[PDB]
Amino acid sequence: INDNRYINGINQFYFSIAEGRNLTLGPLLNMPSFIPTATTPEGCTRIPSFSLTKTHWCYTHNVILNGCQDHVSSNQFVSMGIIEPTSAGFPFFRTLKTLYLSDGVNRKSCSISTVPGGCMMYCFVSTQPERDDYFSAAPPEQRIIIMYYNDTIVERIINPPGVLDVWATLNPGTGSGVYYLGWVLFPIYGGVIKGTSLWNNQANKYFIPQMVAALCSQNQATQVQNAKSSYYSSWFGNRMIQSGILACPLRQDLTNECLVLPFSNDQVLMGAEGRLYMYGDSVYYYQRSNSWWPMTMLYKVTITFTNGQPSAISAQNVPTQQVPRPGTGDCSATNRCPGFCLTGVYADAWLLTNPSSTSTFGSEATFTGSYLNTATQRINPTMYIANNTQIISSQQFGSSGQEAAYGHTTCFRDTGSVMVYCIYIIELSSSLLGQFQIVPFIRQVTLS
């Protein structure tokens, strides 16, 4: 279990709106990395997923032996441990167990989540190129593995209702899931078949961020028309790219009890990878900007239960225009107009301030994370702290041109020293060992 210095400083809004204005990054601190490195120049470690809870943390990433492509074989590294203070005062992520799922099943795009006594991971079995998954009417196999600290492992192939013949594909969002009221929630996304109830109920819906108007040159009618078309991809089997949540009751005999809950396309953009968070009793969702709007998308999720079962989710967006991401073509970090896009990178963000503490939801929100500071290339990894319209603190890592990819940010507080630390797990391109080196950068978020 985590040290007493951290058990009460996890999953919360650490700063008040007033304090949020005086936050700055501190120097990076050196700690023994708990994320394994590749041992060959061509080895590939990618797609991390991290979850920190009151008692412990869970971590996982995918491993490919040669290069970063391979839809036949890959292994998945899983790790778990706790946080304890060092003599210097800052955190040390103590790994207490390790697992390497290597058995022939090609588990991909996995999302992990902390659960009482262990970790619950959700993956889908890949057997062909991503694009082919969208064209095939049958969805890939879905699995959820529960790994207890007592070394018991239980993997189950799940068949949640409303998936077969509705979704051509279904993928975990790779971002961490969360344990909520006895259920494990995971972010999901995929392609929905034309003519299905979901497709019809989603017909004509669209979402346009609150700050797009002042930045977009098109008129309201044109924006609306383009926005509506952005949820359909001809490149990905003519499916409706959908975002949602997978709710699974914590059980060791899961079969069809998990529930697929799609977001209304009136509150969310085109489906993409994502992450779920817990700030106090409120659930939040991060949605990768893989569509036309290149800015960080965070939403407060309201979950509705009907007979002890999650029955519907509602999302409220924290309106911002900060922290863009590299994109291709007319969907670069500079784009501001609705239309169909299918490019971007995963770069979640953590809310250092409560969006509900302001009379108007998210009128003044502060968040931290990393982002690739460029218009179209996955280059220049840069850790930052930002508000709705500006970056108020940032430090680029390495020299310009430094390649990088995904970034997962998580913050917690030392209730002893009373400081906030954030860990920025970034996929860095390495020249020595492996294609990428996933680094758990850690530094303090100083108030002043």
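Residues carry their position along the shown sequence, with the first being 1.
Judged by the one-third criterion across other entries of this protein, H71, though modelled here, is missing from at least a third of those that model both its neighbours.
Set 269-277 against 134-142 and average the Cα temperature factors; 134-142 ends up higher. Here 213-221 and 82-90 are compared by their mean Cα B-factor, and 213-221 comes out higher. Ranking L372, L250, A349, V105 by the C-alpha B-factor listed in the PDB entry places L250 at the top.
Reading the B-factor column for the CA atoms of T334, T95, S243, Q76 in the entry, the top value corresponds to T334. Among all modelled residues in its chain, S400 ranks in the highest third by Cα B-factor.
Ranked by Cα temperature factor within the chain, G191 sits in the middle third according to the deposited record. Looking at the C-alpha B-factors along this chain, the one for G67 belongs to the highest third. Remark: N11 belongs to the lowest third of its chain, ranked by C-alpha B-factor as recorded. In this PDB entry, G308 carries a Cα temperature factor that places it within the highest third of its chain's modelled residues.
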